[PDB]
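Asks: Quick one: the structure is below, and I'll ask about it shortly.
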Amino acid sequence: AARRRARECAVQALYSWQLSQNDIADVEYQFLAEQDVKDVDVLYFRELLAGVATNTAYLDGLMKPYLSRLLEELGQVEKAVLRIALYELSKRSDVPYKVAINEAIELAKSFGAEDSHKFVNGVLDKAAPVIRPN
RNA sequence: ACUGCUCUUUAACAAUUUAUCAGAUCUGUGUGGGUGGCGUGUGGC
């Protein structure tokens, strides 16, 4: 509940920067000093903000075609949760396929449009050939 | 050291009972506008 609830708090900073176009350092400083968030472990916050590496844009380019909803109309909350759900095993692979998938779908279940997690899980079929440690 | 192991492919609708044949006017800035109340005292006649 310390590394688990970590991601459901850094998705906030991710979306925040995405709307603000600031630096990730700015948004992380403001998020931490904004509310004392202990559901995230500080180092896992550091890892999730390192989850703004260029490869993240890359995991947007791979799963681009087989998206049941187009890129230039997807919700920013969906953009962030998608980046995280694909990055869970881009390099980190802290937990295997099912664990990280369920993590992304549930700990971000309370942010979508009542159905978004369905289609993000459905696009996760295109996530298979890059999430190899099944 | 010893919770976590895919939930399966982005919204799921309101308007609704006679009656219809759709069926004259865009003027101002002519003109003025832009000491006193009371008390008391003093005198006078």
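Numbering starts fresh at 1 for the residues of each chain in the structure tokens, the chains themselves are lettered A, B, ... in the order given, and ligands are numbered from 1 as they appear.
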May I have all residues of chain A that DSSP, computed from the backbone, assigns to alpha helix (DSSP H), given as a PyMOL selection string?

Replies: chain A and resi 7-20+24-32+42-50+54-62+76-87+97-107+116-123

Asks: Could you tell me which residues of chain A sit within 6 Å of chain B when counting only C-alpha atoms (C1' of nucleotides), and give me the result as a list in words?

Replies: residues 98, 99, 101, 102, 115, 116, 118, 119 and 122 of chain A

Asks: Those same residues - N, CA, C and O atoms - I'd like them written as a PDB file, in the first residue's frame.

Replies:
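New file again38.pdb:
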```
ATOM      1  N   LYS A  98       0.558  -9.752 -15.310  1.00  0.00           N
ATOM      2  CA  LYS A  98      -0.765  -9.610 -14.715  1.00  0.00           C
ATOM      3  C   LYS A  98      -0.754  -8.616 -13.563  1.00  0.00           C
ATOM      4  O   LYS A  98      -1.695  -7.828 -13.407  1.00  0.00           O
ATOM      5  N   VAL A  99       0.304  -8.630 -12.751  1.00  0.00           N
ATOM      6  CA  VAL A  99       0.342  -7.766 -11.575  1.00  0.00           C
ATOM      7  C   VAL A  99       0.296  -6.307 -11.996  1.00  0.00           C
ATOM      8  O   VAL A  99      -0.540  -5.532 -11.523  1.00  0.00           O
ATOM      9  N   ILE A 101      -0.556  -5.029 -14.886  1.00  0.00           N
ATOM     10  CA  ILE A 101      -1.780  -4.700 -15.614  1.00  0.00           C
ATOM     11  C   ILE A 101      -2.912  -4.411 -14.639  1.00  0.00           C
ATOM     12  O   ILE A 101      -3.592  -3.379 -14.735  1.00  0.00           O
ATOM     13  N   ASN A 102      -3.133  -5.319 -13.684  1.00  0.00           N
ATOM     14  CA  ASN A 102      -4.180  -5.105 -12.692  1.00  0.00           C
ATOM     15  C   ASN A 102      -3.906  -3.854 -11.872  1.00  0.00           C
ATOM     16  O   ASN A 102      -4.836  -3.131 -11.498  1.00  0.00           O
ATOM     17  N   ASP A 115     -15.795   3.830 -18.471  1.00  0.00           N
ATOM     18  CA  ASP A 115     -15.502   2.698 -19.338  1.00  0.00           C
ATOM     19  C   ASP A 115     -14.075   2.677 -19.861  1.00  0.00           C
ATOM     20  O   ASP A 115     -13.721   1.737 -20.579  1.00  0.00           O
ATOM     21  N   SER A 116     -13.252   3.674 -19.535  1.00  0.00           N
ATOM     22  CA  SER A 116     -11.970   3.832 -20.214  1.00  0.00           C
ATOM     23  C   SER A 116     -11.031   2.670 -19.925  1.00  0.00           C
ATOM     24  O   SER A 116     -10.270   2.247 -20.803  1.00  0.00           O
ATOM     25  N   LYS A 118     -11.714  -0.381 -19.581  1.00  0.00           N
ATOM     26  CA  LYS A 118     -12.052  -1.448 -20.514  1.00  0.00           C
ATOM     27  C   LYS A 118     -11.213  -1.349 -21.781  1.00  0.00           C
ATOM     28  O   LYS A 118     -10.501  -2.289 -22.148  1.00  0.00           O
ATOM     29  N   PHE A 119     -11.269  -0.203 -22.459  1.00  0.00           N
ATOM     30  CA  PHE A 119     -10.575  -0.115 -23.734  1.00  0.00           C
ATOM     31  C   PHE A 119      -9.071   0.033 -23.576  1.00  0.00           C
ATOM     32  O   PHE A 119      -8.338  -0.343 -24.493  1.00  0.00           O
ATOM     33  N   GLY A 122      -8.115  -3.381 -23.389  1.00  0.00           N
ATOM     34  CA  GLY A 122      -8.264  -3.964 -24.707  1.00  0.00           C
ATOM     35  C   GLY A 122      -7.149  -3.590 -25.663  1.00  0.00           C
ATOM     36  O   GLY A 122      -6.783  -4.383 -26.533  1.00  0.00           O
TER      37      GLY A 122
END
```

Asks: Need the shell around residue 13 (chain A): protein/DNA/RNA residues with any atom at most 10 Å away, counting only C-alpha atoms (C1' of nucleotides). Skip same-chain ones fewer than 2 positions apart. Format as a PyMOL selection string?

Replies: chain A and resi 8-11+15-19+24-32+45+48-49+80

Asks: Print the selection's residues with C-alpha atoms to a file, as a CSV table (one decimal), in the first residue's frame.

Replies:
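In the end it all went to part07.csv:
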```csv
chain,number,residue,atom,x,y,z
A,8,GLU,CA,-2.2,6.6,-8.4
A,9,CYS,CA,-0.5,9.7,-7.0
A,10,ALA,CA,2.2,10.3,-9.6
A,11,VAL,CA,-0.3,10.1,-12.4
A,15,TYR,CA,-1.3,15.0,-16.0
A,16,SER,CA,-0.4,18.2,-14.2
A,17,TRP,CA,2.7,18.7,-16.3
A,18,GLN,CA,0.9,17.6,-19.4
A,19,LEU,CA,-1.6,20.4,-18.9
A,24,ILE,CA,8.7,17.7,-14.2
A,25,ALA,CA,10.8,19.0,-11.3
A,26,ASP,CA,8.4,22.0,-11.0
A,27,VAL,CA,5.3,19.8,-10.9
A,28,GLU,CA,6.8,17.2,-8.5
A,29,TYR,CA,8.0,19.9,-6.1
A,30,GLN,CA,4.6,21.5,-6.2
A,31,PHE,CA,2.8,18.2,-5.8
A,32,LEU,CA,4.9,17.0,-2.8
A,45,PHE,CA,7.7,9.0,-6.9
A,48,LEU,CA,7.5,7.5,-11.7
A,49,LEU,CA,8.8,11.0,-12.5
A,80,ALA,CA,-1.3,9.5,-18.4
```

Asks: I need the residue nearest residue 55 (chain A) from this list: A:40, A:86, A:70, A:33. Use only C-alpha atoms for the distance.

Replies: A:86

Asks: Calculate how many Å separate CA of residue 74 (chain A) from CA of residue 121 (chain A), rounding to one decimal.

Replies: 14.8 Å

Asks: CA of residue 88 (chain A) and CA of residue 56 (chain A), how far apart in Å?

Replies: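 According to the coordinates, CA of residue 56 (chain A) and CA of residue 88 (chain A) are separated by 10.4 Å.
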
Asks: Determine, counting only C-alpha atoms (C1' of nucleotides), which protein, DNA and RNA residues have an atom within 12 Å of an atom of region 89-97 of chain A; residues of the same chain fewer than 3 positions away are not included. Present the result as a ChimeraX atom specification.

Replies: /A:3-4,44,47-48,50-51,53-60,62,83-86,100-104,124-125,127-134 /B:4-6

Asks: Tell me, in Å to one decimal, how far CA of residue 52 (chain A) is from CA of residue 6 (chain A).

Replies: 15.5 Å

Asks: Of the candidates A:1, A:81, A:87, A:43, which one gets nearest to residue 110 (chain A) if we count only C-alpha atoms?

Replies: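 Among A:1, A:81, A:87, A:43, it is A:81 that comes nearest to residue 110 (chain A).
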